[PDB]
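One chain follows as structure tokens, the form deposited in one PDB entry.
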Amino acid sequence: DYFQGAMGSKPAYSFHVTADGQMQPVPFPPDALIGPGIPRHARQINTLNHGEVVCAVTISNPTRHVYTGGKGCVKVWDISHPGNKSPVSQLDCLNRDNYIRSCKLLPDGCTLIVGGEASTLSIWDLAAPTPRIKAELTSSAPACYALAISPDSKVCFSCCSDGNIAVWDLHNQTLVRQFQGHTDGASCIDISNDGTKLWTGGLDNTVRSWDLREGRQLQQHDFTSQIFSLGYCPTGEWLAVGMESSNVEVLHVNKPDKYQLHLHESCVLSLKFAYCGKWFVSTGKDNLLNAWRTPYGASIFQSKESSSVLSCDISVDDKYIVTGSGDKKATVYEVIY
């Protein structure tokens, strides 16, 4: 029911790296861990028993349905009444054994795009109380690891296992362009707050930015381990990057400084900004969901789940966090402010 903050402390885990190479522990300002829109507690309110590891999660807008992607199947959960805890519908793949890697809704909640470890992206019509698949988009790449939809809804960007970013016109169901450059799987993706720049991370140890109008690669940042996740801050300026080495790095966009955050013991598998931009979450192979202050990463909360935490989403109203689990489930958290 009601929760209160209780301050804690740890050995310095947040460091600022400046243009001159210096690396100092961050002195947190008074609103690092406290302030309007800063969470005080994350309460587990629902467990969604999918029955396959949940590699992808998404939440409708307005908040109501959660989509869990597993092996062979996306399940749909109504978290209004209930959440708890049986699915209200499910969208089955032809190959029961195909792992889902990503699913995204279009803004108007009526269409879900689904991608994973197969050559097709399925587009599901969710409009007429029963779902039906309405289109298959067919790839040369053996797999999709991540999707992003343009803010105008016209385009779907697919991160391919071969490194390419496939750009799909959604109305015409056709491949319009490829962003080529990742020399190994592209693993993750986001669009900049103005909607003009694409950002991708890869198993080639790079983050790359792309000009969405020109088609041209713009920036490249090389790292010493693989990139598994990324997020662009919705109020701009900051790009969070989750790595295999366990670091979360928060890059200052178009500037030469960054933060390095160290509260994961293993791979950083997924990450998501809050919509107000003031905090974000990352999830680990180490079973942790960590919440972080933007940009310097003061630790707002940690929650240790029963298994590896493979995926996450935050609802557009910032009221809910959903994580997908190695224990064959998703967890719905209510954010307590």
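In this text, residue numbers run from 1 along the sequence as written. Only the largest set of C-alpha atoms that superpose within 1.5 Å between the two forms is called the rigid core.
- For the cut-off of one third of the other compared entries, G21 qualifies: that many or more give it no coordinates while modelling its flanks.
- Coordinates for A127 are absent from at least a third of the other compared entries of this protein that model residues on both sides of it.
- Stretches compared: 245-253, 149-157. Higher mean C-alpha B-factor in the entry: 149-157.
- 160-168 and 93-101 differ in mean CA B-factor, and the higher of the two is recorded for 93-101.
- For the set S187, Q220, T235, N205, the maximum C-alpha B-factor listed in the entry falls on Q220.
- The entry assigns its greatest Cα B factor, within the set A240, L261, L126, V76, to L126.
- In the PDB entry, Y2 places in the highest third of its chain by CA B-factor.
- Among all modelled residues in this chain, the alpha-carbon of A19 has a temperature factor (C-alpha) in the highest third.
- The entry lists a Cα temperature factor for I113 that places it in the middle third of the chain's modelled residues.
- The entry lists a Cα temperature factor for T120 that places it in the highest third of the chain's modelled residues.
- When all modelled residues of the chain are sorted by CA temperature factor, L230 is found within the lowest third.
The following text describes the form solved in complex with a partner chain, which does not appear among the structures shown.
- Not displayed here, its partner chain is approached by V53 to within 4.5 Å at the level of heavy atoms in the deposited complex.
- Under a 4.5 angstroms non-hydrogen atom cutoff, its partner chain in the deposited complex lacks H65 among its neighbouring residues.
- Contact between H182 and its partner chain in the deposited complex is not found at the 4.5 Å heavy atom cutoff.
- Residue contact check for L310: one or more of its heavy atoms lie within 4.5 Å of its partner chain in the deposited complex.
- The single contact residue among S161, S246, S122, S139, judged by any heavy atom lying within 4.5 Å of its partner chain in the deposited complex, is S161.
- The partner is absent here, but in the deposited complex a heavy atom of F228, alone among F228, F157, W77, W199, sits within 4.5 Å of its partner chain.
- Partner contacts here mean any heavy atom within 4.5 Å of its partner chain in the deposited complex, and among 206-214, 148-156, 106-114, 93-101 they occur only in 93-101.
- The residue that stands out in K154, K85, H262, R177 is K85, the single one whose Cα moves by 2 angstroms or more between this form and the one not shown on a rigid core fit.
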